[PDB]
Amino acid sequence: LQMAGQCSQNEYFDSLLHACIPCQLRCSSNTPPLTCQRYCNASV
Amino acid sequence: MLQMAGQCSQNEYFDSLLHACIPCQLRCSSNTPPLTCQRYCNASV
Amino acid sequence: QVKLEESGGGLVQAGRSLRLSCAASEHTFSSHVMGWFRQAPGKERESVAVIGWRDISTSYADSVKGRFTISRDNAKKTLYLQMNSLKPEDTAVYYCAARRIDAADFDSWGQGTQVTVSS
Amino acid sequence: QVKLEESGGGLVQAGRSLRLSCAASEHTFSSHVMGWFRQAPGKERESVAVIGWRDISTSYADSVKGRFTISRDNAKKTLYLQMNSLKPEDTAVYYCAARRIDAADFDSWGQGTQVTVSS
């Protein structure tokens, strides 16, 4: 299975919800998917 | 998508756990007789 | 778990359309990921289409891409599979399935409905 | 629980071939279902190929059917994915997964390997 399009840059595909999810929600918490970690590490 | 080149034979069923064509004669002595196998196992041997 | 009831299947000729429906015993829009699967004679069950939390993401099998559409009416508590450009290889028993958004596997299943496509 | 270590990937021109390898820590022939999955940037992870108990049945995604082949050398304890007539759409991270034949979900995963198909 594949989506017609793709999640936007600052998003990630959450497999449990089967949905694009903004990476700002997982930044911090220790269990972060890495495609977030540029954005998430680029924080302060 | 996700399909095998061939297909199970008439008296077989696809076991998802094993991911394999399996003879129904082994799955007709209780419990979860796969619906595709119930015909064969009502005619027994 | 939520109960599912399917309908809409039948015998059609190639190129025609068919709409399958799956009524749920409760709302799923923000609680359940939904899917249409299909199994042909002697073949394994394959995933056809999946709609996720709050209908943010839909995914389709490549073989049905552009022809099928999975959708959901939350008021009618009903999942739909719109099937256009039906081909003989679409012949199968079609199931709807649901799983809580915090569960990895589909544990709710409808009884399935037969779709046959002749030429 | 088996451990899987992948090899083989890289950059390859379109229309050429590439063999991915996945070494296991223990024997898998009569014990584990094996699979190759792939994931593109911004995309979801999808199954590409699956080989079952004692290599009885092999399953392939429709996009790769006739081009990819999954195989298993039990003496080498190695899972192979041969990829012929590669296209740019095959560009993704490829993972090898395995699950005991009594477990429904794939519980072991390889590190992943990048496969990029030049245009």
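Here is how names work: the chains are called A, B, and so on, in the same order as the sequence lines, proteins then strands, and each is numbered from 1.
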Problem - Under 3.5 Å side-chain donor-acceptor pair for D:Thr116 and D:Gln114 - result: yes

Handout entry: Least distance between heavy atoms, A:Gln24 atom then A:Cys27 atom
Key = CA-SG, 3.6 Å

Handout entry: Minimum side-chain heavy-atom gap D:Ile101-B:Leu17 below 4.5 Å
Key = no

Handout entry: Rounded distance (nearest 0.5 Å) linking atom CG of D:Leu20 with atom SG of D:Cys96
Key = 9.0 Å

Exercise for the section: Output yes when D:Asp62 and D:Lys65 qualify as a salt bridge under the 4.0 Å nitrogen-oxygen rule, no when they do not. Expected result: yes

Problem - Euclidean distance, D:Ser63 OG relative to A:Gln2 CD, rounded to 0.5 Å - result: 8.0 Å

Exercise for the section: Test C:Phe37 against C:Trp109 for ring pair (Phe, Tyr, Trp, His ring centres under 6.0 Å), laying out the working first. Expected result: CA-CA 10 Å; C:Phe37 299 72; C:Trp109 294 84; 4.9 Å; yes

Handout entry: Close side-chain approach of A:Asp14 and A:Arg26, heavy atoms under 4.5 Å
Key = yes

Exercise for the section: Would you check if there is a donor-acceptor pair between the side chains of D:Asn84 and D:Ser17 at a distance under 3.5 Å? Expected result: yes

Problem - D:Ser31 side-chain N/O to D:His27 backbone N/O, donor-acceptor pair under 3.5 Å - result: yes

Exercise for the section: State, yes or no, whether a side-chain contact exists between D:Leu18 and D:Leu86 at a heavy-atom distance under 4.5 Å. Expected result: yes

Completion exercise
In this structure, CZ of D:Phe106 is separated from NE2 of D:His32 (nearest 0.5 Å) by 11.0 Å

Practice task
Measure from the side-chain N and O atoms of C:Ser119 to the backbone N and O of C:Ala14, and report whether any donor-acceptor pair falls under 3.5 Å.
Solution key: no

Handout entry: Pairing of D:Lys77 and D:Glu26 as salt bridge, 4.0 angstrom limit
Key = no

Problem - Hydrophobic cluster identity match, D:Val50 and A:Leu1, side-chain contacts under 4.5 Å - result: no

Handout entry: Test item: side-chain donor near acceptor, D:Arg38 and D:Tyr95, under 3.5 Å
Key = no

Exercise for the section: State, with a plain yes or no, whether a side-chain heavy atom of A:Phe13 is found less than 4.5 Å away from one of A:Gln6. Expected result: no

Exercise for the section: Check whether any side-chain N or O of C:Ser25 sits under 3.5 Å from a backbone N or O of C:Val2 as a donor-acceptor pair, and report yes or no. Expected result: no

Practice task
For the pair C:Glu5 (side chain) and C:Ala23 (backbone), establish whether a donor and an acceptor sit closer than 3.5 Å, ignoring hydrogens and angles.
Solution key: no

Practice task
Could you tell me whether a side-chain N or O of C:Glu6 sits under 3.5 Å from a main-chain N or O of C:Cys22, the two making a donor and an acceptor?
Solution key: no

Handout entry: Step-by-step side-chain hydrogen bond (donor to acceptor under 3.5 Å, both in side chains) determination, D:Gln13 to D:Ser118
Key = CA-CA 5 Å; D:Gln13 233 197 303; D:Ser118 95; 4.9 Å; no

Handout entry: Whether C:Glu44 side chain and B:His19 backbone form a donor-acceptor pair below 3.5 Å
Key = no

Handout entry: From B:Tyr13 atom OH to B:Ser16 atom OG, the distance as rounded to the nearest 0.5 Å
Key = 9.5 Å

Exercise for the section: Inspect the contact between C:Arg100 and C:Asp107 and indicate whether a charged nitrogen and a carboxylate oxygen are less than 4.0 angstrom apart. Expected result: no

Handout entry: Close side-chain approach of C:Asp105 and D:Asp105, heavy atoms under 4.5 Å
Key = yes

Problem - Side chain to side chain, C:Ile51 and C:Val33, heavy atoms closer than 4.5 Å - result: no

Exercise for the section: Go through the side-chain N and O atoms of B:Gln3 and D:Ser59 and say whether any donor and acceptor fall under 3.5 Å apart. Expected result: no

Problem - Pairwise side-chain contact, C:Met34 with C:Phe29, heavy-atom cut-off 4.5 Å (strictly under) - result: no

Problem - C:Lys43 (side chain) donor-acceptor with B:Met4 (main chain) under 3.5 angstrom - result: yes

Practice task
Output yes when D:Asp73 and D:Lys76 qualify as a salt bridge under the 4.0 Å nitrogen-oxygen rule, no when they do not.
Solution key: no

Problem - Connected via hydrophobic side-chain network under 4.5 Å: B:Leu18 and D:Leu79 - result: no

Problem - Short side-chain to backbone donor-acceptor contact, B:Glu12 and B:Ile22, under 3.5 Å - result: no

Problem - Gap separating the CE atom of C:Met83 from the CG atom of C:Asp90, nearest 0.5 angstrom - result: 7.5 Å

Exercise for the section: Can you measure from NZ (D:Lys3) to OG (D:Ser108) and round to the nearest 0.5 angstrom? Expected result: 7.5 Å

Practice task
Inspect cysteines B:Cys8 and B:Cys21 and report if their side-chain SG atoms are under 2.5 angstrom from one another.
Solution key: yes

Handout entry: C:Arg67 versus C:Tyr60, side-chain donor and acceptor atoms under 3.5 Å
Key = no

Problem - same_hphob_cluster(C:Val64, C:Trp36) at 4.5 Å side-chain heavy-atom cutoff - result: yes

Exercise for the section: Answer yes or no: are there more than 12 heavy-atom neighbours, outside A:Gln9 itself, under 6.0 Å from its atom CD? Expected result: no

Handout entry: Single-linkage hydrophobic cluster C:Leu4~C:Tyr94, side-chain heavy atoms < 4.5 angstrom
Key = no

Problem - Whether D:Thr91 side chain and D:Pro88 backbone form a donor-acceptor pair below 3.5 Å - result: yes

Practice task
State whether the side chain of D:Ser21 and the backbone N or O of D:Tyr80 hold a donor-acceptor pair below 3.5 Å, judged by distance alone.
Solution key: no

Problem - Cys pair A:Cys23, A:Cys36: SG separation below 2.5 Å - result: yes

Problem - Flag for B:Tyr40-B:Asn42: side-chain donor and acceptor within less than 3.5 Å - result: no

Handout entry: Listed once per pair and sorted, the side chain to side chain donor-acceptor pair (under 3.5 Å) pairs that draw on residues 49-58 of chain C, sequence neighbours left out
Key = C:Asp55-C:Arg72

